[PDB]
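Before any comments, here is the structure.
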Amino acid sequence: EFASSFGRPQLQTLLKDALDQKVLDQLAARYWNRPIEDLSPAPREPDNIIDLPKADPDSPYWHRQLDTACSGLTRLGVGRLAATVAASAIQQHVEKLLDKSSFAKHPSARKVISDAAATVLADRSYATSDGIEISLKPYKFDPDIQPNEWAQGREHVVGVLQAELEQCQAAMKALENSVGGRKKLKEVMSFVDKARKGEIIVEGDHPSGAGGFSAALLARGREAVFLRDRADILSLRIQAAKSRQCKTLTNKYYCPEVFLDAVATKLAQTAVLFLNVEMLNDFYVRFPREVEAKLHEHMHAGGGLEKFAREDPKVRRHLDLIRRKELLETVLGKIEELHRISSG
Amino acid sequence: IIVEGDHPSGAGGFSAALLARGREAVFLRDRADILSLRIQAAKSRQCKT
Amino acid sequence: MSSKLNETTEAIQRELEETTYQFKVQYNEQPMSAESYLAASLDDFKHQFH
């Protein structure tokens with residue numbers, strides 16, 4: 001029943017999920033803002049994302065940024081990530097099915113079945129990884145994007161991105177409520193802002209009290225300033241992805257989000273095809289055999305058949321009761337036959 | 001209310017310097033009250049003898 | 001030395017595999033040499049100049 005459920009699309013959405021967070025990490029580390037660790041002035045970068053829509057089309061920065069972002073994405077361990085992600089998914093399904101199966105008891109037999117699944121996946125792991133990288137070799141050089149793919153990227157990016165924003169906006173508001181007044185949190189934010197500008201200097205690596213704020217309040221403050229900048233950037237980048245400018249595929253350097261997500265869905269499906277073949281059918285065919293052979297060898301070699309029977313209390317008695325009634329019967333048989341071999 | 005003293009400048013919803021100016025003010029208050037009670041007593045009828 | 005010799009031999013074969021794996025994922029195994037790079041950039045320039 002389970003194997004009749006799994007197939008390949010589940011792998012598709014499995015791969016696309018890790019690859020999705022890879023996109024976010026790449027996209028964040030190439031475009032958005034970096035976190036605030038201390039209270040020193042940050043040196044002012046020349047290029048900013050707010051001015052991304054209205055930028056010269058042939059900008060070596062924004063070009064270098066989207067190009068290093070995509071090649072950083074593609075020259076990743078996609079083969080070994082598809083291999084481990086599918087492995088952990090199959091093995092996790094098997095452990096569940098086992099939890100609900102009649103092997104809830106008998107933990108040695110159960111461990112025999114789990115370890116069989118694991119040893120199958122771990123034997124087949126290499127060929128699947130390296131195979132997937134080799135089949136991806138053409139798409140690493142030219143992941144050429146079709147307008148349909150560009151559309152699918154566009155509809156995804158809006159979902160993925162606003163998901164990033166809601167977790168952001170809740171936690172700002174949760175902050176204000178936890179620190180006290182919205183105005184008091186505005187106060188430490190004005191103070192962190194002041195300190196991040198030249199208006200005021202603090203010169204501490206770990207500042208305990210400045211302007212009447214605790215070490216806890218300075219941390220809540222920087223936290224607040226990081227949340228605010230990345231909240232605004234995220235909405236803006238959602239409005240970018242819903243703009244007319246990103247509907248078309250021609251402004252690829254102006255819509256890093258849609259593009260990176262397109263490359264992620266493509267590499268996901270082509271690596272997935274190989275994955276299912278090399279690895280999934282390998283499981284469905286090696287698993288039942290390995291399960292039976294290790295169970296049999298384990299039962300007959302280690303004598304754990306007898307312990308498998310001794311393990312459940314109800315069958316311990318059932319087998320005990322049957323053997324006792326059998327022994328008395330055979331006894332009475334020997335008595336009556338003894339009277340038979342000797343008349344008196 | 002209790003707080004620890006890694007940062008004695010800033011506690012509560014009151015600012016660093018406001019805390020400071022409040023502590024001076026309380027010392028001033030206590031020492032004034034005692035000083036004035038002690039003057040009114042030094043001038044009392046019970047100190048005459 | 002000799003006792004360590006075999007465990008060292010095995011680790012060495014491994015690090016040779018991984019070195020190959022990154023030589024596969026990030027460079028596609030494109031072999032490179034200094035005089036090669038020099039020859040190709042020279043020729044791209046002489047194309048430019050042509």
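Ordering of the structure tokens sets the chain letters (A, B, ...); residue numbers start at 1 within each chain; ligands are numbered from 1 in the order shown.
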(request) Tell me, as an MDAnalysis selection string, which residues lie within 8 Å of residue 131 in chain A, counting only C-alpha atoms; anything in the same chain fewer than 3 positions away does not count. (result) chainID A and resid 79 127:128 134:135 274
Requested write-out: C-alpha atoms of the selected residues, as an mmCIF file, in the first residue's frame:
```cif
data_model
loop_
_atom_site.group_PDB
_atom_site.id
_atom_site.type_symbol
_atom_site.label_atom_id
_atom_site.label_comp_id
_atom_site.auth_asym_id
_atom_site.auth_seq_id
_atom_site.Cartn_x
_atom_site.Cartn_y
_atom_site.Cartn_z
ATOM 1 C CA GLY A 79 22.949 15.299 -6.182
ATOM 2 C CA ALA A 127 25.263 6.021 -7.632
ATOM 3 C CA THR A 128 22.099 8.112 -7.275
ATOM 4 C CA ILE A 134 26.075 14.133 -14.176
ATOM 5 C CA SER A 135 22.526 14.421 -15.556
ATOM 6 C CA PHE A 274 16.953 10.010 -12.141
#
```
(request) Would you kindly report the residues of chain A within 7 Å of chain B, using only C-alpha atoms, as number ranges by chain? (result) A: 208-214
Expected file contents, prior selection, C-alpha atoms, as a PDB file, in the first residue's frame:
```pdb
ATOM      1  CA  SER A 208      25.330  46.820  29.688  1.00  0.00           C
ATOM      2  CA  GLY A 209      23.621  50.220  30.129  1.00  0.00           C
ATOM      3  CA  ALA A 210      23.525  53.159  27.671  1.00  0.00           C
ATOM      4  CA  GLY A 211      20.967  55.981  27.620  1.00  0.00           C
ATOM      5  CA  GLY A 212      19.259  54.081  30.497  1.00  0.00           C
ATOM      6  CA  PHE A 213      18.734  50.747  28.658  1.00  0.00           C
ATOM      7  CA  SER A 214      19.666  47.225  29.837  1.00  0.00           C
TER       8      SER A 214
END
```
(request) Rank A:74, A:342, A:48, A:119 by their smallest atom-to-atom distance to residue 31 in chain A, using only C-alpha atoms, and report the top residue only. (result) A:48
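For the atom pair formed by CA of residue 249 in chain A and CA of residue 145 in chain A, the distance is 8.0 Å, given to one decimal.
Separating CA of residue 16 in chain A from CA of residue 265 in chain A is a distance of 6.1 Å.
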Sorted by chain and rising residue number, list the residues of chain A at most 12 Å from chain C (counting only C-alpha atoms), each with its closest atom pair and distance in Å to one decimal, as JSON lines.
```
{"residue": "A:71", "atom": "CA", "partner": "C:26", "partner_atom": "CA", "distance": 9.3}
{"residue": "A:72", "atom": "CA", "partner": "C:26", "partner_atom": "CA", "distance": 9.3}
{"residue": "A:73", "atom": "CA", "partner": "C:26", "partner_atom": "CA", "distance": 10.9}
{"residue": "A:74", "atom": "CA", "partner": "C:26", "partner_atom": "CA", "distance": 8.9}
{"residue": "A:75", "atom": "CA", "partner": "C:26", "partner_atom": "CA", "distance": 5.3}
{"residue": "A:76", "atom": "CA", "partner": "C:25", "partner_atom": "CA", "distance": 7.3}
{"residue": "A:77", "atom": "CA", "partner": "C:25", "partner_atom": "CA", "distance": 7.4}
{"residue": "A:78", "atom": "CA", "partner": "C:25", "partner_atom": "CA", "distance": 9.3}
{"residue": "A:79", "atom": "CA", "partner": "C:25", "partner_atom": "CA", "distance": 9.3}
{"residue": "A:80", "atom": "CA", "partner": "C:25", "partner_atom": "CA", "distance": 10.7}
{"residue": "A:126", "atom": "CA", "partner": "C:21", "partner_atom": "CA", "distance": 11.3}
{"residue": "A:129", "atom": "CA", "partner": "C:21", "partner_atom": "CA", "distance": 10.7}
{"residue": "A:130", "atom": "CA", "partner": "C:21", "partner_atom": "CA", "distance": 8.6}
{"residue": "A:131", "atom": "CA", "partner": "C:25", "partner_atom": "CA", "distance": 11.6}
{"residue": "A:132", "atom": "CA", "partner": "C:25", "partner_atom": "CA", "distance": 10.8}
{"residue": "A:133", "atom": "CA", "partner": "C:25", "partner_atom": "CA", "distance": 7.1}
{"residue": "A:134", "atom": "CA", "partner": "C:25", "partner_atom": "CA", "distance": 8.8}
{"residue": "A:135", "atom": "CA", "partner": "C:25", "partner_atom": "CA", "distance": 11.6}
{"residue": "A:136", "atom": "CA", "partner": "C:25", "partner_atom": "CA", "distance": 9.9}
{"residue": "A:137", "atom": "CA", "partner": "C:28", "partner_atom": "CA", "distance": 7.8}
{"residue": "A:138", "atom": "CA", "partner": "C:28", "partner_atom": "CA", "distance": 10.6}
{"residue": "A:140", "atom": "CA", "partner": "C:25", "partner_atom": "CA", "distance": 9.6}
{"residue": "A:141", "atom": "CA", "partner": "C:28", "partner_atom": "CA", "distance": 10.1}
```
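Compared by their closest atoms to residue 14 in chain A, and using only C-alpha atoms, the residues A:244, A:86, A:296, A:121 rank with A:86 nearest.
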(request) List every residue of chain C that DSSP, applied to the backbone of this structure, assigns to alpha helix (DSSP H), and report them as number ranges by chain. (result) C: 2-25, 34-49
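Of note, CA of residue 107 in chain A and CA of residue 7 in chain A are spaced 28.8 Å apart.
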(request) Give me the residues within 10 Å of range 197-199 of chain A as a list in words, counting only C-alpha atoms and dropping any in the same chain fewer than 5 places off. (result) residues 39, 40, 41, 42, 191 and 192 of chain A
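Distances from A:178, A:216, A:6, A:221 to residue 196 in chain A were compared using only C-alpha atoms, and the smallest one belongs to A:221.
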(message) Taking 3 positions as the minimum chain separation for residues in the same chain, which residues sit within 9 Å of residue 147 in chain A when counting only C-alpha atoms? Answer as a list in words.
(response) residues 150, 151, 152, 248 and 249 of chain A
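Look at residue 52 in chain A: the protein and nucleic acid residues within 10 Å of it, using only C-alpha atoms and passing over chain neighbours fewer than 2 places away, are residues 31, 47, 48, 49, 50, 54, 55, 56, 57, 62, 237, 240, 253, 254 and 255 of chain A.
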